[PDB]
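Quick heads-up: it's one chain on its own, the form deposited in one PDB entry, in structure tokens.
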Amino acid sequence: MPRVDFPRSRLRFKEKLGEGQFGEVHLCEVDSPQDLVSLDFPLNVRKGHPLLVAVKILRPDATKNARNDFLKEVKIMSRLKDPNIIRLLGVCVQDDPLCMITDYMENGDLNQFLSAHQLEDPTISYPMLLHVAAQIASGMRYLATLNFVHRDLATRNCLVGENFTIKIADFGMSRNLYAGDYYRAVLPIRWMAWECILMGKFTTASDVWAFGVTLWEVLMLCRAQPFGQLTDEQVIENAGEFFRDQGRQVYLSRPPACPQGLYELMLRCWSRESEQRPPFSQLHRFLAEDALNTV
């Protein structure tokens, strides 16, 4: 827990960014942020330009369980300090409504960003795609070593900062744009390892599987939904085929930009056995070294 609340009186409402069962996320401008610049709030103020933040707000009539989960997220976010994980800027928890505040990325989520680019034969290069993926692996290494499981890794849950910096986040199913990526609890089945779908087992190994699918998205420049040839019920059936291990399971195809070795990395992320999936330390090393060294 942060020692002092961010002053709610400085948050100027701009836009509603999303909603869920227990609250909303708003885009706010911080009024006169130079007044707040301190050790507690080391805000990056650009004179002449508004300071924008995302604010997650718990409904004041939230249940006890909803409130506890919100405070659990506060506690988790207060620990996360890595260049490739979204940073908590402040909280409002002394009074209702409870709030968490992070930076707002004008470049949007990584899906939005890659969707707006084309592959260099605006453009983005294959080496930059590897850098994006390496950053995600590095953030995931950090999370896993702190004994967190993400459970919803995908390009839609990564934010694009300045100079191609990628921040892993977790927004939940709070945005209409990605409703088709979730199956009705509400689950991102196309990113989920077979054991998640069949047994509800979520682990770092299943985060690795999701990382494989996220890497696939990146190399596809977010042009195709994973398993777009399959209905939701068929995706669940595909998980059964991984369980069966009789060679009928469908794997995502190799993207045109993806060399065979990188594709085989992805296939290893989709190993039937968790213990055969590469750790994030290895995924990062492969992307930052092996793949980048073989352009």
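Superpose the two forms; the largest set of C-alphas matching within 1.5 Å is the rigid core. When you see a residue number, it is the position in the sequence shown, counting from 1. Residues that one form lacks are left out of the comparison.
Visitor: Please report whether at least a third of the other compared entries leave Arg46 without coordinates.
Guide: It is, since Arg46 is left out of at least a third of the other entries that model both flanking stretches.
Visitor: If we scan the other compared entries, does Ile57 go without coordinates in at least a third?
Guide: In none of the comparable entries (those modelling both sides of it) is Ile57 left without coordinates.
Visitor: Might you work out how many residues are unmodelled in the deposited sequence between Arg184 and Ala185, and answer none, 1 to 3, 4 to 9, or 10 or more?
Guide: In the record, 4 to 9 residues between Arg184 and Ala185 lack coordinates.
Visitor: Relative to the deposited sequence, how many residues with no modelled coordinates occur between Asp121 and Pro122 (none, 1 to 3, 4 to 9, 10 or more)?
Guide: Gap size class: 10 or more residues without coordinates, per the record.
Visitor: Do the CA atoms of 167 to 175 or those of 217 to 225 have the higher mean B-factor in the entry?
Guide: Per the deposited B-factors, the answer is 167 to 175.
Visitor: Which is higher in the entry, the mean Cα B factor of 30 to 38 or that of 47 to 55?
Guide: If you average the C-alpha B-factors of 47 to 55 and of 30 to 38, the larger mean comes out for 47 to 55.
Visitor: Out of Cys269, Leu252, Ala62, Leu262, which one has a C-alpha B factor higher than all the others in the entry?
Guide: Most elevated C-alpha B-factor of the set, per the entry: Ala62.
Visitor: For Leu80, return the chain-relative third of its C-alpha B-factor as stated in the PDB record: lowest, middle or highest.
Guide: Tercile = middle for this residue's CA B-factor.
Visitor: Rank-wise, by C-alpha B-factor, drop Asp96 into the lowest, middle or highest third of its chain.
Guide: According to the entry, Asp96 has a C-alpha B-factor in the chain's highest third.
Visitor: Quick check for you: using the entry's CA B-factors within this chain, is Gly200 in the lowest, middle or highest third?
Guide: For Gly200, the deposited C-alpha B-factor lands in the highest third.
Visitor: Going by the recorded CA B-factors, say which third of the chain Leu130 sits in, lowest, middle or highest.
Guide: Bottom third by C-alpha B-factor.
Visitor: Against its chain's modelled residues, does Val74's Cα B factor rank lowest, middle or highest third?
Guide: It belongs to the middle third of the chain when residues are ordered by C-alpha B-factor.
Another form exists, deposited in another entry; not displayed. Remarks below refer to it.
Visitor: Overlay on the rigid core first, then point out the one of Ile236, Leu252, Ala66, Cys258 whose CA is displaced 2 Å or more between the shown form and the other one.
Guide: Only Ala66 moves by 2 Å or more at its C-alpha.
Visitor: Once the core is superposed between the shown form and the other one, does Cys28 show a C-alpha displacement of at least 2 Å?
Guide: True for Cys28: a C-alpha shift of 2 Å or more.
Visitor: Compare the position of the CA of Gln94 between the shown form and the other one after a rigid core fit and state whether the shift reaches 2 Å.
Guide: Yes; that C-alpha moves by at least 2 Å between the shown form and the other one.
Visitor: Using the rigid core as the reference frame, would you say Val55 shifts its C-alpha by 2 Å or more between the shown form and the other one?
Guide: Comparing the forms between the shown form and the other one, which are aligned on their rigid core, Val55 does shift its C-alpha by 2 Å or more.
Visitor: Just say closer or farther for the C-alpha distance from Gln21 to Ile168 in the other form, relative to the shown form; it changes by 3 Å or more.
Guide: Closer together, by at least 3 Å.
Visitor: Pin down for me whether the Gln21-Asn111 Cα distance shrinks or grows in the other form relative to this form (closer or farther, change of 3 Å or more).
Guide: They are closer; the C-alpha distance drops by 3 Å or more in the other form.
Visitor: Three or more consecutive residues, each Cα shifted by 2 Å or more between the shown form and the other one after core superposition: list those runs for me in sequence order.
Guide: Flagged stretches (3+ res, CA at least 2 Å): 8 to 34, 50 to 73, 92 to 101, 292 to 294.
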